[PDB]
Number of protein chains: 4
Amino acid sequence: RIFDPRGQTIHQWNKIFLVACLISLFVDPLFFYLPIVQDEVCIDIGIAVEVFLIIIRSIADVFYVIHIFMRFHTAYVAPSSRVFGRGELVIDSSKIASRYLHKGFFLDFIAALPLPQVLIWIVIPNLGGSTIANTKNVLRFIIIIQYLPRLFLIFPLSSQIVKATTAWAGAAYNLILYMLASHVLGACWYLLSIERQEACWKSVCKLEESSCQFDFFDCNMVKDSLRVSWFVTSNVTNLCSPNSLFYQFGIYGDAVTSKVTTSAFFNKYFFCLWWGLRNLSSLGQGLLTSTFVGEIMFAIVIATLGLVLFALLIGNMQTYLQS
Amino acid sequence: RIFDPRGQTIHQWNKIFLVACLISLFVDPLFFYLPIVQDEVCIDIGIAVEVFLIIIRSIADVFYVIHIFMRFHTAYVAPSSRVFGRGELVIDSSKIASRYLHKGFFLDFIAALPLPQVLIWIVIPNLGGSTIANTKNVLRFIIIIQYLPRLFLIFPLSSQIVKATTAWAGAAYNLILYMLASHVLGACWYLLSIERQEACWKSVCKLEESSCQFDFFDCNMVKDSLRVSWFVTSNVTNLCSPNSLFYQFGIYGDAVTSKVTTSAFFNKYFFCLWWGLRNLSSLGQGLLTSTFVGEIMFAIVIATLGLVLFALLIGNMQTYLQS
Amino acid sequence: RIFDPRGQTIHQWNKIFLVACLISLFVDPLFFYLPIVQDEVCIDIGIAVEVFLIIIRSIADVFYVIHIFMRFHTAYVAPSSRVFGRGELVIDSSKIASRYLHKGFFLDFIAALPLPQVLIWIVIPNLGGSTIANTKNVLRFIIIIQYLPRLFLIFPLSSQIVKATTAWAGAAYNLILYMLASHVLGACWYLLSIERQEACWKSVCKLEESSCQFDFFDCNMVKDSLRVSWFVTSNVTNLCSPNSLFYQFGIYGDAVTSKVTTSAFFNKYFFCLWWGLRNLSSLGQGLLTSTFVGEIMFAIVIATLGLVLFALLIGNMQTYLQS
Amino acid sequence: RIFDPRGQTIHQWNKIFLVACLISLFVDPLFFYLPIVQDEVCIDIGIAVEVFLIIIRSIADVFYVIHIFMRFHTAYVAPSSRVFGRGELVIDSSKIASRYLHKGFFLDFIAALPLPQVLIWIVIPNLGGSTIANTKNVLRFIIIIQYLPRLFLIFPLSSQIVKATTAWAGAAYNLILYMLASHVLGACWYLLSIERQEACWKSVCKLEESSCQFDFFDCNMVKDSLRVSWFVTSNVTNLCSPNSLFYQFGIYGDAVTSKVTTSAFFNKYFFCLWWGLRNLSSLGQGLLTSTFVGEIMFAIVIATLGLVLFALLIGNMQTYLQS
């Protein structure tokens with residue numbers, strides 16, 4: 001059942017797979033919005049939203065597995081058989097599999113690994129208790145390690161769609177990509193702000209090591225008598241604010257003053273998407289960072305992305321107007 | 001009395017209609033500047049300015065009715081008779097009316113409906129008392145529901161004018177588009193800031209529900225003894241300020257600190273026009289919103305409009321310089 | 001002694017006239033830096049800098065008069081005698097004078113009028129004592145009335161210089177124009193901030209009509225016994241500051257906090273030039289104006305100039321790299 | 001042993017020399033990050049990082065000397081022997097040396113001088129004790145005096161590499177130049193902020209001439225009894241802050257508020273790099289300077305560099321899109 005590379009089944013499958021990849025690209029950064037900072041100073045996770053996102057990601061991974069299957073069952077054109085553009089067809093399944101494994105299979109398999117799901121379920125909780133690591137909100141960012149190759153996969157595939165079927169197709173696509181970059185940067189900023197607030201809490205606990213340890217900032221122990229007794233005699237709610245000059249919050253300060261980390265899922269999502277869009281359009285200006293290397297590099301990445309994306313938008317609109 | 005589409009009567013009518021549509025597009029957002037926040041914490045409406053705007057709107061409406069009447073009596077080129085461009089003319093009134101009804105009549109009829117003057121006069125006040133809704137200043141935005149179709153009519157019609165009559169007509173036209181977009185965004189910002197201040201007043205009333213009720217911020221009840229007795233012992237004047245953290249004013253806070261909602265019509269109009277133009281040139285930067293989805297979406301729309309308009313301006317200037 | 005329009009004497013005269021026009025365009029805005037706000041809350045005029053600028057403007061006006069004389073004594077090509085480019089020359093002095101008077105003489109004569117000199121010397125002081133008007137700092141802006149036609153003369157003449165003698169000639173020329181716009185806008189902003197501070201002083205005087213009148217803010221009367229007695233008991237020092245919420249300084253408030261109205265000529269000049277450059281590059285963003293129509297219109301003009309200039313710069317660099 | 005100008009040895013040497021020159025351009029501004037402001041209000045020099053930078057710069061200068069020595073022994077195409085491209089080879093060493101001395105030797109020699117390490121070792125300390133000058137942290141900027149000619153050598157030489165080896169070579173090259181400009185501007189801003197804080201300390205000492213001289217702000221005298229006695233009774237810590245309105249810190253105040261001058265080398269380097277990149281992308285907006293001419297000139301230079309770099313980047317991206 002080898003499908004023709006320039007046939008109809010593969011064209012329809014690629015049309016569906018572009019939508020599936022776009023859905024996966026949209027859903028992956030949403031995993032960064034799960035942590036919630038509560039008024040009692042603790043980080044919880046929205047269970048219902050977590051399960052919903054995991055279900056969507058599982059559907060996307062099923063689609064990716066189907067794509068890998070169809071790529072093991074697709075034909076190719078031999079480079080040496082290209083007779084005036086007529087490269088014929090190859091039906092050898094073994095040759096197709098060898099060609100796929102030599103080039104293309106590795107990156108597609110990496111992109112199809114259910115990394116967020118295993119990280120959420122069978123890595124952090126249950127037997128894989130990372131008490132020694134104590135970086136539950138940091139490991140989520142390794143999704144980016146898988147997100148970056150997957151983002152690459154959107155470039156050639158969509159190009160094939162361009163071959164499948166203009167003036168309006170150069171600016172709308174670039175604005176969609178620009179919104180995607182804004183979405184990813186906003187989710188990254190939200191998770192980094194959560195990490196910054198957790199670091200401020202850890203510094204406060206270090207200042208108050210007499211009656212605190214690095215276990216009081218989890219909402220599963222908020223009702224403990226020790227937790228409330230420490231909370232009523234601590235000024236963590238006032239020290240961990242951008243107004244107080246105790247900890248350098250930097251660009252993450254807007255996540256504490258505006259209570260973004262406490263707001264509902266849609267409020268926080270739209271706030272962070274607008275943050276990313278605004279700091280991508282403004283070329284990273286207004287990102288008055290602290291003296292921390294990671295935040296500075298995040299701001300530099302945002303500025304560079306804004307520069308290249310604005311240049312692409314200007315060029316695309318110039319091309320559209322000239323044609 | 002069928003008019004020639006390429007003739008002189010229709011050309012002159014289109015020249016008049018371009019100016020009429022430009023005036024109508026300039027006047028429609030001005031209805032958002034009518035509400036006035038007075039020093040007694042209430043929202044009034046300038047009766048004289050409202051009457052003048054309704055008169056101008058009715059003039060635009062009768063011009064649109066004349067345009068519809070004229071288009072009911074215009075000839076069209078038969079697609080099947082296009083013999084090397086010479087498509088002749090169709091004179092049959094019934095055929096012309098049927099063709100116009102099939103394509104074109106609905107969208108032109110929508111743009112000619114006197115929706116704003118109906119809403120102001122015979123929808124909200126008098127028989128149609130919307131006491132339950134209590135959203136008098138929110139219904140105005142449904143003018144946008146009609147504004148967007150009308151904004152469409154400029155693009156073809158002006159192009160037709162281009163056919164009727166370059167290097168200087170590309171940058172100036174896009175600057176006019178920029179002015180119109182900034183004016184509309186400024187009017188929308190003014191009305192949304194009025195809504196935000198009214199929402200803060202409603203929150204204060206809820207906090208003081210013992211002596212306040214949800215009909216109490218109307219200027220027709222200012223002289224009431226109950227209202228003054230409540231006001232002399234109420235802290236609504238400082239709770240609904242961006243300085244206080246009682247309510248998240250966000251980007252609308254600049255309309256409370258600067259007191260544009262209480263200024264004269266020209267001052268408020270120019271302030272809001274400059275606000276829209278500045279946040280369109282800054283690509284939405286400086287729009288530090290709150291965690292409210294509507295305000296965030298407004299900021300995102302402003303940033304996207306700034307992106308597309310600046311890209312169009314750069315492309316038009318590049319075309320001008322290359323020509 | 002009619003000179004050849006395609007000859008060498010007129011070529012050299014145009015080369016030196018471009019320099020003279022550039023110097024005159026650089027010098028006219030400097031007259032806006034003359035008023036100085038002193039620590040005694042008064043506005044004085046720097047006599048030495050004023051005299052130097054008047055001398056430079058006199059030299060420029062002499063050059064302009066020589067230019068208009070030479071234009072009265074230059075030949076022209078008859079439009080009806082253009083036989084395949086060989087349009088011959090016209091030597092009749094009467095015909096040349098009539099042609100110049102019909103078109104060209106009016107605006108050239110307008111630019112050659114010593115308006116700033118007569119305004120400074122024989123309009124405001126001496127016989128023309130503007131005691132009733134009391135707007136000495138406002139009249140200077142009618143230099144702009146002469147400045148706008150003069151700025152016109154740069155555009156054709158420079159093009160003629162192009163005909164006298166590339167890839168590098170597009171970016172540098174546009175940067176020179178951009179610097180000129182920044183210089184003019186900075187001088188205008190300095191004078192407007194002077195006017196705003198004087199208006200705040202007048203408002204304070206109105207608040208203190210018992211012991212103040214509209215002369216007390218003139219530095220010639222600073223040593224008056226009434227002046228010192230009012231000053232030792234007046235709070236105009238802190239009331240007219242952007243920190244206090246007494247007067248809406250707006251975008252001009254930055255000139256009071258930084259004390260640029262008091263500093264030396266070089267400091268204030270460079271601060272205002274950088275202000276114009278920054279608010280021209282930032283597309284007018286950060287110009288958070290008050291509810292005053294004049295300030296808002298000035299900010300709108302600055303933003304539109306920034307838009308057109310940045311688009312022109314982008315287009316010029318695109319042309320330079322492409323060619 | 002004259003090398004062929006279009007041979008293989010010179011090609012490889014130029015490939016090495018481009019990397020060497022890039023290293024030298026990256027290392028020279030790092031000398032500006034050496035001064036450190038300590039909590040005892042004094043400026044020290046990191047000896048270890050200074051020695052490492054001196055060693056790297058010495059290696060780069062040895063590479064420059066090797067380049068000069070070898071290009072003394074290369075043939076050149078005779079201007080009069082260019083017979084249809086075949087310009088032959090000049091083997092005469094005397095003629096090659098004469099041509100090099102006439103054109104090429106001066107700029108290559110001035111760019112190979114060990115001026116930075118000479119200043120660090122045998123100019124400022126030891127015999128050349130600049131007690132009278134008292135500009136230990138100011139002289140470093142004369143590295144820029146040699147840096148600009150060395151910045152020139154990149155533009156031709158890199159072009160040769162282009163001749164030795166596209167669509168991706170326009171955006172990447174522009175971004176490399178842009179990052180280099182950001183790095184240089186950040187180093188210059190750090191050293192200028194150090195200078196501003198030192199000037200504030202000098203002003204404070206002038207305010208405290210009774211018990212202070214211009215030596216208490218050197219970290220070699222921090223442990224002196226007079227030093228500690230003055231420090232315990234001096235308020236230099238409060239007066240020399242951006243919050244206190246004592247000294248106009250201007251755009252350098254962000255360096256004191258963020259305590260970047262005290263941070264470690266990596267923190268300060270990345271903070272200053274992000275500062276330069278942000279103020280270069282923002283076209284100098286947000287550089288609210290003081291009334292000081294040097295700071296204003298620095299801001300104007302930053303704005304002009306941002307303008308030209310953004311224009312070049314837009315043009316390069318347009319070229320990439322169209323080709």
# chains A, B, ... in the order shown; residues from 1 in each chain; ligands from 1

$ residues_around --residues "residue 115 in chain D" --least-positions-apart "5" --cutoff "12 Å" --atoms "only C-alpha atoms" --output "ChimeraX atom specification"
/D:28,31,54,57-58,61,109-110,120-124,139-147

$ write_last_selection --atoms "C-alpha atoms" --output "compact mmCIF listing (two decimals), in the first residue's frame"
# COMPACT_ATOMS: atom_id res chain seq x y z
CA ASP D 28 38.70 45.25 23.19
CA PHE D 31 38.44 46.25 28.94
CA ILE D 54 45.54 41.46 28.22
CA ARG D 57 44.62 40.99 23.25
CA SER D 58 48.35 40.22 23.07
CA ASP D 61 48.13 41.68 18.32
CA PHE D 109 50.19 49.57 11.78
CA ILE D 110 47.93 51.82 13.85
CA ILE D 120 47.20 49.10 31.47
CA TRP D 121 50.84 48.26 32.24
CA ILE D 122 53.33 51.02 31.40
CA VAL D 123 51.17 54.17 31.23
CA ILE D 124 48.70 54.44 34.11
CA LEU D 139 41.76 56.91 29.52
CA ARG D 140 40.42 53.45 28.64
CA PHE D 141 38.09 55.11 26.12
CA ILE D 142 41.07 55.97 23.92
CA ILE D 143 40.96 52.28 23.01
CA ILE D 144 38.00 53.42 20.89
CA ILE D 145 40.49 55.76 19.19
CA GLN D 146 42.24 52.64 17.88
CA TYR D 147 39.08 50.51 17.83

$ residues_around --residues "residue 52 in chain B" --least-positions-apart "6" --cutoff "12 Å" --atoms "only C-alpha atoms" --output "list in words"
residues 27, 30, 31, 34, 46, 58, 59 and 117 of chain B

$ write_last_selection --atoms "N, CA and C atoms" --output "compact mmCIF listing (two decimals), in the first residue's frame"
# COMPACT_ATOMS: atom_id res chain seq x y z
N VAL B 27 -17.73 60.73 11.23
CA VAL B 27 -18.72 61.13 12.22
C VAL B 27 -19.13 59.96 13.12
N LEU B 30 -17.52 59.53 16.48
CA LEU B 30 -17.71 60.66 17.38
C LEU B 30 -18.83 60.41 18.39
N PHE B 31 -19.77 59.52 18.07
CA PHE B 31 -20.82 59.17 19.02
C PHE B 31 -20.25 58.55 20.29
N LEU B 34 -19.67 61.24 23.22
CA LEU B 34 -20.80 61.92 23.85
C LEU B 34 -20.84 61.76 25.36
N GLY B 46 -23.88 65.08 26.25
CA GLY B 46 -24.05 66.39 25.65
C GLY B 46 -25.17 66.42 24.64
N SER B 58 -27.80 61.73 9.81
CA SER B 58 -28.98 61.62 8.97
C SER B 58 -28.71 62.14 7.56
N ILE B 59 -27.89 63.18 7.44
CA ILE B 59 -27.49 63.65 6.11
C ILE B 59 -26.72 62.55 5.38
N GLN B 117 -28.85 56.72 15.01
CA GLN B 117 -29.89 57.65 15.41
C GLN B 117 -31.12 56.93 15.95

$ closest_atom_pairs --of "chain B" --to "chain A" --cutoff "6 Å" --atoms "only C-alpha atoms" --output "CSV"
residue,atom,partner,partner_atom,distance
B:285,CA,A:278,CA,5.6
B:291,CA,A:267,CA,5.4
B:293,CA,A:267,CA,5.7
B:311,CA,A:314,CA,5.1
B:315,CA,A:318,CA,4.3

$ residues_around --residues "residue 36 in chain C" --least-positions-apart "4" --cutoff "12 Å" --atoms "only C-alpha atoms" --output "PDB file with N, CA and C atoms, in the first residue's frame"
ATOM      1  N   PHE C  31      16.680  80.713  17.583  1.00  0.00           N
ATOM      2  CA  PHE C  31      16.006  81.830  18.233  1.00  0.00           C
ATOM      3  C   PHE C  31      14.984  81.363  19.259  1.00  0.00           C
ATOM      4  N   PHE C  32      14.571  80.096  19.200  1.00  0.00           N
ATOM      5  CA  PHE C  32      13.653  79.570  20.198  1.00  0.00           C
ATOM      6  C   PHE C  32      14.361  79.225  21.501  1.00  0.00           C
ATOM      7  N   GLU C  40      14.934  82.786  39.982  1.00  0.00           N
ATOM      8  CA  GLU C  40      14.025  83.726  40.620  1.00  0.00           C
ATOM      9  C   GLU C  40      12.619  83.675  40.036  1.00  0.00           C
ATOM     10  N   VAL C  41      12.302  82.626  39.274  1.00  0.00           N
ATOM     11  CA  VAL C  41      11.013  82.463  38.607  1.00  0.00           C
ATOM     12  C   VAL C  41      10.752  83.659  37.701  1.00  0.00           C
ATOM     13  N   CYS C  42      11.510  83.753  36.612  1.00  0.00           N
ATOM     14  CA  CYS C  42      11.304  84.784  35.604  1.00  0.00           C
ATOM     15  C   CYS C  42      11.952  84.319  34.309  1.00  0.00           C
ATOM     16  N   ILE C  43      11.573  84.968  33.211  1.00  0.00           N
ATOM     17  CA  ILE C  43      12.059  84.618  31.880  1.00  0.00           C
ATOM     18  C   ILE C  43      12.853  85.798  31.339  1.00  0.00           C
ATOM     19  N   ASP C  44      14.123  85.561  31.035  1.00  0.00           N
ATOM     20  CA  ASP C  44      15.021  86.569  30.491  1.00  0.00           C
ATOM     21  C   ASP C  44      15.451  86.166  29.086  1.00  0.00           C
ATOM     22  N   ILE C  45      16.101  87.095  28.390  1.00  0.00           N
ATOM     23  CA  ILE C  45      16.603  86.865  27.039  1.00  0.00           C
ATOM     24  C   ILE C  45      18.114  87.034  27.062  1.00  0.00           C
ATOM     25  N   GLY C  46      18.832  86.032  26.561  1.00  0.00           N
ATOM     26  CA  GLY C  46      20.274  86.127  26.452  1.00  0.00           C
ATOM     27  C   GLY C  46      20.693  87.095  25.366  1.00  0.00           C
ATOM     28  N   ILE C  47      21.242  88.246  25.764  1.00  0.00           N
ATOM     29  CA  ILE C  47      21.516  89.308  24.800  1.00  0.00           C
ATOM     30  C   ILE C  47      22.672  88.941  23.871  1.00  0.00           C
ATOM     31  N   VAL C  49      23.883  85.875  22.867  1.00  0.00           N
ATOM     32  CA  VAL C  49      23.506  84.858  21.891  1.00  0.00           C
ATOM     33  C   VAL C  49      22.507  85.426  20.895  1.00  0.00           C
ATOM     34  N   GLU C  50      21.591  86.275  21.367  1.00  0.00           N
ATOM     35  CA  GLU C  50      20.645  86.919  20.463  1.00  0.00           C
ATOM     36  C   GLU C  50      21.366  87.774  19.432  1.00  0.00           C
ATOM     37  N   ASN C 137       6.997  85.614  24.425  1.00  0.00           N
ATOM     38  CA  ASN C 137       7.538  84.296  24.118  1.00  0.00           C
ATOM     39  C   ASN C 137       6.741  83.555  23.052  1.00  0.00           C
ATOM     40  N   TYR C 190      11.238  73.340  23.068  1.00  0.00           N
ATOM     41  CA  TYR C 190      11.795  74.201  24.106  1.00  0.00           C
ATOM     42  C   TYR C 190      10.961  75.463  24.270  1.00  0.00           C
ATOM     43  N   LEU C 191      10.607  76.110  23.156  1.00  0.00           N
ATOM     44  CA  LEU C 191       9.809  77.327  23.271  1.00  0.00           C
ATOM     45  C   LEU C 191       8.414  77.026  23.809  1.00  0.00           C
ATOM     46  N   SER C 193       7.634  74.607  25.891  1.00  0.00           N
ATOM     47  CA  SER C 193       7.771  74.368  27.324  1.00  0.00           C
ATOM     48  C   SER C 193       7.979  75.672  28.081  1.00  0.00           C
ATOM     49  N   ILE C 194       8.708  76.618  27.484  1.00  0.00           N
ATOM     50  CA  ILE C 194       8.816  77.950  28.074  1.00  0.00           C
ATOM     51  C   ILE C 194       7.437  78.583  28.202  1.00  0.00           C
ATOM     52  N   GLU C 195       6.629  78.483  27.146  1.00  0.00           N
ATOM     53  CA  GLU C 195       5.282  79.046  27.182  1.00  0.00           C
ATOM     54  C   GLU C 195       4.414  78.346  28.220  1.00  0.00           C
ATOM     55  N   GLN C 197       5.455  76.860  31.028  1.00  0.00           N
ATOM     56  CA  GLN C 197       5.889  77.293  32.352  1.00  0.00           C
ATOM     57  C   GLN C 197       5.417  78.711  32.642  1.00  0.00           C
ATOM     58  N   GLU C 198       5.458  79.588  31.635  1.00  0.00           N
ATOM     59  CA  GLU C 198       4.958  80.944  31.821  1.00  0.00           C
ATOM     60  C   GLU C 198       3.453  80.946  32.065  1.00  0.00           C
ATOM     61  N   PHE C 217       6.874  88.372  36.669  1.00  0.00           N
ATOM     62  CA  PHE C 217       7.693  87.305  36.111  1.00  0.00           C
ATOM     63  C   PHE C 217       8.665  87.804  35.046  1.00  0.00           C
ATOM     64  N   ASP C 218       8.950  89.102  35.022  1.00  0.00           N
ATOM     65  CA  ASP C 218       9.926  89.677  34.107  1.00  0.00           C
ATOM     66  C   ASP C 218      11.210  89.967  34.871  1.00  0.00           C
ATOM     67  N   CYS C 219      12.339  89.493  34.337  1.00  0.00           N
ATOM     68  CA  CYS C 219      13.603  89.556  35.063  1.00  0.00           C
ATOM     69  C   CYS C 219      14.163  90.967  35.181  1.00  0.00           C
ATOM     70  N   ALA C 255      10.812  69.355  30.587  1.00  0.00           N
ATOM     71  CA  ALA C 255      11.721  70.490  30.516  1.00  0.00           C
ATOM     72  C   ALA C 255      11.884  71.197  31.853  1.00  0.00           C
ATOM     73  N   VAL C 256      11.026  70.909  32.826  1.00  0.00           N
ATOM     74  CA  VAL C 256      11.107  71.528  34.142  1.00  0.00           C
ATOM     75  C   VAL C 256      11.836  70.636  35.139  1.00  0.00           C
ATOM     76  N   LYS C 259      15.328  70.808  34.203  1.00  0.00           N
ATOM     77  CA  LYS C 259      15.817  72.184  34.313  1.00  0.00           C
ATOM     78  C   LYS C 259      16.586  72.612  33.066  1.00  0.00           C
ATOM     79  N   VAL C 260      16.079  72.230  31.893  1.00  0.00           N
ATOM     80  CA  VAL C 260      16.733  72.629  30.651  1.00  0.00           C
ATOM     81  C   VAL C 260      16.443  74.079  30.297  1.00  0.00           C
ATOM     82  N   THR C 261      15.365  74.652  30.835  1.00  0.00           N
ATOM     83  CA  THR C 261      15.052  76.053  30.592  1.00  0.00           C
ATOM     84  C   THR C 261      15.986  76.994  31.339  1.00  0.00           C
ATOM     85  N   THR C 262      16.769  76.479  32.286  1.00  0.00           N
ATOM     86  CA  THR C 262      17.709  77.274  33.066  1.00  0.00           C
ATOM     87  C   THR C 262      19.157  77.067  32.651  1.00  0.00           C
ATOM     88  N   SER C 263      19.491  75.896  32.115  1.00  0.00           N
ATOM     89  CA  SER C 263      20.870  75.535  31.825  1.00  0.00           C
ATOM     90  C   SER C 263      21.452  76.429  30.730  1.00  0.00           C
ATOM     91  N   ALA C 264      22.742  76.235  30.462  1.00  0.00           N
ATOM     92  CA  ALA C 264      23.447  77.025  29.466  1.00  0.00           C
ATOM     93  C   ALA C 264      22.934  76.702  28.065  1.00  0.00           C
ATOM     94  N   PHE C 265      23.357  77.518  27.097  1.00  0.00           N
ATOM     95  CA  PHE C 265      22.838  77.381  25.740  1.00  0.00           C
ATOM     96  C   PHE C 265      23.209  76.036  25.131  1.00  0.00           C
ATOM     97  N   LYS C 268      21.116  73.130  26.911  1.00  0.00           N
ATOM     98  CA  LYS C 268      19.714  73.138  26.509  1.00  0.00           C
ATOM     99  C   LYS C 268      19.564  72.787  25.035  1.00  0.00           C
ATOM    100  N   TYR C 269      20.474  73.274  24.188  1.00  0.00           N
ATOM    101  CA  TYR C 269      20.392  72.973  22.765  1.00  0.00           C
ATOM    102  C   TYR C 269      20.546  71.484  22.511  1.00  0.00           C
TER     103      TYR C 269
END

$ decode --residues "range 134-147 of chain A" --atoms "N, CA and C atoms" --output "tab-separated table (two decimals), in the first residue's frame"
chain	number	residue	atom	x	y	z
A	134	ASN	N	13.93	19.46	43.36
A	134	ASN	CA	13.09	20.57	43.82
A	134	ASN	C	12.96	21.66	42.75
A	135	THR	N	12.77	21.24	41.51
A	135	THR	CA	12.66	22.14	40.36
A	135	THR	C	11.48	21.74	39.49
A	136	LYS	N	10.32	21.53	40.11
A	136	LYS	CA	9.16	21.04	39.39
A	136	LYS	C	8.75	21.98	38.26
A	137	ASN	N	8.83	23.29	38.50
A	137	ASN	CA	8.44	24.28	37.51
A	137	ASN	C	9.55	24.59	36.51
A	138	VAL	N	10.72	23.97	36.63
A	138	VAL	CA	11.84	24.24	35.74
A	138	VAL	C	11.89	23.18	34.65
A	139	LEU	N	11.59	21.93	35.01
A	139	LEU	CA	11.66	20.84	34.04
A	139	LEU	C	10.68	21.02	32.89
A	140	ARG	N	9.57	21.72	33.12
A	140	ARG	CA	8.60	21.95	32.06
A	140	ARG	C	9.24	22.58	30.83
A	141	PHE	N	10.24	23.44	31.04
A	141	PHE	CA	10.89	24.12	29.94
A	141	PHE	C	11.65	23.19	29.01
A	142	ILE	N	11.92	21.94	29.42
A	142	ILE	CA	12.53	21.00	28.48
A	142	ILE	C	11.58	20.62	27.36
A	143	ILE	N	10.29	20.98	27.49
A	143	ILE	CA	9.38	20.88	26.35
A	143	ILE	C	9.92	21.69	25.18
A	144	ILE	N	10.55	22.83	25.48
A	144	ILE	CA	11.19	23.64	24.44
A	144	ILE	C	12.24	22.82	23.71
A	145	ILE	N	12.95	21.95	24.43
A	145	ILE	CA	13.95	21.09	23.81
A	145	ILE	C	13.31	20.24	22.71
A	146	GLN	N	12.07	19.83	22.92
A	146	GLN	CA	11.32	19.14	21.87
A	146	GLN	C	10.55	20.11	20.99
A	147	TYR	N	10.18	21.28	21.52
A	147	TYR	CA	9.39	22.24	20.75
A	147	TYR	C	10.18	22.80	19.57
